[PDB]
Enquirer: 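Mind looking over this structure? Questions follow.
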Amino acid sequence: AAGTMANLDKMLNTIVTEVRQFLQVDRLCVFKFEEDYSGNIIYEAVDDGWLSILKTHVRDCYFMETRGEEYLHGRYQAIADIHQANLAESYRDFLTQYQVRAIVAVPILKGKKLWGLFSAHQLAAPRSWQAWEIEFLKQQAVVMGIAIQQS
Amino acid sequence: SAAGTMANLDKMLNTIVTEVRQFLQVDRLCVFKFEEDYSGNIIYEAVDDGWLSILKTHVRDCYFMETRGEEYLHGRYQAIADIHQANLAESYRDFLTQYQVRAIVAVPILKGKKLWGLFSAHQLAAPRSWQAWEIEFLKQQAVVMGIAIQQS
Ligand SMILES: */C=C\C1=C(C)C(=O)N/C1=C\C1=NC(=C\c2[nH]c(/C=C3\NC(=O)C(C=C)=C3C)c(C)c2CCC(=O)O)/C(CCC(=O)O)=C1C
Ligand SMILES: */C=C\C1=C(C)C(=O)N/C1=C\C1=NC(=C\c2[nH]c(/C=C3\NC(=O)C(C=C)=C3C)c(C)c2CCC(=O)O)/C(CCC(=O)O)=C1C
């Protein structure tokens, strides 16, 4: 009931806190999709008094049009410097509004469905993400997806 | 920093053990780290409800010392709902009984191709019918621990 949900919430939030300190990333969050693939930042660990985006609602028109279909088979984003990247203007603008300079975003699956994104943000300088860090983030997303599949 | 790399790995493994024990409602959750001779020590533990702690216990398990955990590198793991119903060596049954174990899951932690340790869940109050997703959850947490351990 509400007990199940409190238990999942605490586990997922602990993973976010865990991974943010271990990876030493400025901000780590979990973005959960609504039915229409709008979504909300529902867990967040941000260091040192920096910009919190917890409970921000986002209508990302890439996810809302694709329903995340491209994110179902190990696909992901890892950008060392969003200034350099050949990003869509509208996506660059979203990232800029939330102070992102470097990002890794991996999908969270509930069964065969895209449930959310697990996203690491640097807020000031570029970051050359390592293969192991991307694998760590993906494998923590698997952990989360198994726990989420129980409610 | 050799001091801070070890400290950050310690904080991460201790956080996983503490919160996974509460999430699965396990009586005792352990990380057993192997020495070069495949003796080992319990180096992280979350225990609740006034159950005996085995943190820092040294174990010379003669199965792991004789096999060097090779079977645990080729898909062996242990998931027993009630050790009273299982076929065990009396030596291994004595180990579990000493520490009040009634139900157990034990999965490998790898560092590259080497068996680094075991992630073990003990039920002490009662037998427990482990669900497929709980065994998968423990295996996948052991994967995440392995990736972190591989960095130092
Ligand atoms: C309709 C314009 C528009 C608004 C408004 C908006 O919020 N986004 C947006 C357009 C595009 N988004 C594109 C890609 C994209 N969005 C995300 C979303 C997030 N990353 C996070 O960390 C996070 C949180 C936390 C969110 C909500 C991600 C990960 C991507 C990259 C998708 C891949 O390209 O992999 C995008 C470009 C689409 C493309 O390149 O094909 C546009 C136009
Ligand atoms: C040399 C006699 C002897 C001593 C002493 C001892 O500690 N064990 C032991 C004999 C055997 N152990 C056997 C299998 C086995 N050991 C472990 C070890 C642990 N489980 C934990 O939870 C934990 C901590 C915490 C430790 C150190 C495990 C997981 C196994 C099972 C191996 C599988 O079957 O998968 C064993 C084999 C016979 C049997 O399994 O009963 C003997 C003889």
Side-chain angles (χ1 to χ4, degrees), chain A residues 16 27-33 37-44 53-54 56-66 68-71 75-79 82 85-98 100 102-108 114 116-121 137, chain B residues 17 26 28-34 38-45 47 54-55 57-67 69 71-72 74-80 83 86-99 101 103-108 115 117-123:
Chain A
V16 176
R27 184 205 287 138
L28 187 64
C29 52
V30 171
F31 188 76
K32 179 183 180 185
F33 293 113
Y37 280 86
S38 71
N40 305 282
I41 302 285
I42 58 160
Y43 305 107
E44 181 192 47
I53 64 169
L54 183 60
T56 294
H57 183 73
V58 181
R59 294 179 49 89
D60 179 285
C61 43
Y62 166 86
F63 280 100
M64 295 180 78
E65 291 195 16
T66 66
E69 280 306 311
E70 303 189 305
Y71 269 75
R75 161 181 189 154
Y76 69 102
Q77 184 162 73
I79 295 159
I82 68 143
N86 344 45
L87 294 183
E89 288 176 59
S90 50
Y91 182 43
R92 171 155 315 97
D93 286 1
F94 157 73
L95 287 182
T96 301
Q97 174 71 200
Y98 302 115
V100 177
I103 180 165
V104 176
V106 300
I108 307 166
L114 184 61
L117 304 172
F118 192 33
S119 188
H121 303 158
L137 285 167
Chain B
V17 176
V26 159
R28 182 199 294 126
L29 189 65
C30 290
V31 172
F32 188 73
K33 181 192 179 177
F34 287 113
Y38 277 86
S39 67
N41 301 285
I42 290 100
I43 57 157
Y44 302 100
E45 179 193 57
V47 62
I54 62 178
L55 183 60
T57 296
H58 183 71
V59 185
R60 289 172 57 80
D61 183 291
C62 32
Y63 163 81
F64 280 103
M65 288 175 81
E66 292 175 18
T67 61
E71 300 184 316
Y72 268 59
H74 307 296
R76 194 177 180 89
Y77 72 91
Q78 181 161 69
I80 299 180
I83 67 156
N87 192 16
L88 303 179
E90 264 301 330
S91 45
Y92 183 48
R93 181 179 313 279
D94 289 356
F95 165 81
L96 292 181
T97 294
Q98 181 176 22
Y99 296 125
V101 176
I104 176 171
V105 177
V107 300
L115 183 65
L118 300 178
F119 192 29
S120 185
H122 299 162
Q123 289 307 92

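Ligands are counted one by one from 1 in listed order, and the atoms in each one are counted from 1 as well. Each chain gets a letter, A, B and so on, in the order the sequences are listed, and its residues count up from 1.
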Enquirer: Is it true that B:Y99 lies under 4.0 Å from ligand 2, counting heavy atoms only?
Expert: no

Enquirer: Using distance alone, decide if ligand 2 has a nitrogen or oxygen within less than 3.5 Å of any nitrogen or oxygen in B:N87.
Expert: no

Enquirer: Looking at A:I53, is its backbone amide N or carbonyl O close enough to the side chain of A:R27 to form a donor-acceptor pair, meaning the two atoms are under 3.5 Å apart?
Expert: no

Enquirer: Report the nearest protein non-hydrogen atom to atom 8 (N) of ligand 2: residue, atom name, distance rounded to 0.1 Å.
Expert: B:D61 OD2, 2.8 Å

Enquirer: Would A:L87 and A:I79 satisfy side-chain contact (heavy atoms from CB on, under 4.5 Å), going step by step from the backbone distance to the final call?
Expert: CA-CA 10 Å; A:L87 294 183; A:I79 295 159; 3.8 Å; yes

Enquirer: Could you please spell out the steps behind the side-chain contact (heavy atoms from CB on, under 4.5 Å) verdict for B:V47 and B:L55?
Expert: CA-CA 9 Å; B:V47 62; B:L55 183 60; over 6 Å; no

Enquirer: Is there side-chain contact between A:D60 and A:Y37, with at least one heavy-atom pair below 4.5 Å?
Expert: no

Enquirer: Tell me whether ligand 2 is touched by B:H122 - counting only heavy atoms on the residue side and a distance under 4.0 Å.
Expert: yes

Enquirer: Any heavy-atom pair between the side chains of A:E44 and A:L28 that's under 4.5 Å?
Expert: no

Enquirer: Is A:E89 paired with A:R92 through a side-chain N to carboxylate O contact shorter than 4.0 Å?
Expert: no

Enquirer: Any N/O of B:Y63 closer than 3.5 Å to an N/O of ligand 2?
Expert: no

Enquirer: Once you restrict to heavy atoms under 4.0 Å, what part of B:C62 touches ligand 2? Side chain, backbone, both or neither.
Expert: both

Enquirer: Pull out every atom of ligand 2 sitting under 4.0 Å from any heavy atom of B:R60, numbered as shown with elements.
Expert: 4 (C), 5 (C)

Enquirer: Does any part of the side chain of A:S119, heavy atoms only, come nearer than 4.5 Å to the side chain of A:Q77, both counted from C-beta?
Expert: no

Enquirer: Looking only at protein heavy atoms, which one is nearest to atom 22 (O) of ligand 1, and how far off is it?
Expert: A:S119 OG, 2.5 Å

Enquirer: Has the side chain of A:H57 got a donor or acceptor atom that lies under 3.5 Å from a matching backbone atom of A:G39?
Expert: yes

Enquirer: Going by the atom numbers of ligand 1, which of them fall below 4.0 Å from some non-hydrogen atom of A:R75?
Expert: 33 (C), 34 (O), 35 (O)

Enquirer: Which residue, A:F31, A:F94, A:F33, forms the ring pair (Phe, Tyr, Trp, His ring centres under 6.0 Å) with A:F63?
Expert: A:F33

Enquirer: Heavy-atom count check: over 12 atoms from other residues, nucleotides or ligands less than 6.0 Å from A:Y76 OH?
Expert: no

Enquirer: Please determine whether the number of non-hydrogen atoms from other residues, nucleotides or ligands lying under 6.0 Å from atom CZ of B:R60 exceeds 12.
Expert: no

Enquirer: Tell me the contacting part of A:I103 for ligand 1: side chain, backbone, both, or neither, using a 4.0 Å heavy-atom threshold, strictly below.
Expert: side chain

Enquirer: B:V59 heavy atoms, cut-off 4.0 Å: which ligand 2 atoms fall inside?
Expert: 7 (O)

Enquirer: Hey, which atoms in ligand 1 end up nearer than 4.0 Å to a heavy atom of A:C29?
Expert: 25 (C)

Enquirer: Students should be able to answer this: which protein heavy-atom is nearest to atom 35 (O) of ligand 2, and at what distance?
Expert: B:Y72 OH, 2.5 Å

Enquirer: Judging by distance only, is a nitrogen or oxygen of B:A89 under 3.5 angstrom from one on ligand 2?
Expert: yes

Enquirer: Would you mind running through ligand 2 and noting each atom that sits below 4.0 Å from a heavy atom of B:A106?
Expert: 29 (C)

Enquirer: Does a side-chain heavy-atom distance below 4.5 Å link A:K32 with A:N40?
Expert: no

Enquirer: Which part of A:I41 is near ligand 1, with near meaning a heavy atom under 4.0 Å away: side chain, backbone, both or neither?
Expert: side chain

Enquirer: Identify which of A:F94, A:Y91, A:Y76, A:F118 has a heavy atom lying nearest to atom 30 (C) of ligand 1.
Expert: A:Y91

Enquirer: Which of the atoms in ligand 2, numbered in the order shown and given with their element, are less than 4.0 Å from a heavy-atom of B:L88?
Expert: 41 (O)

Enquirer: In the protein, what heavy atom is nearest to atom 31 (C) of ligand 1, and what distance, to one decimal place, separates them?
Expert: A:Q77 NE2, 3.4 Å

Enquirer: Quick check: B:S91 and ligand 2, any N/O pair under 3.5 Å apart?
Expert: no

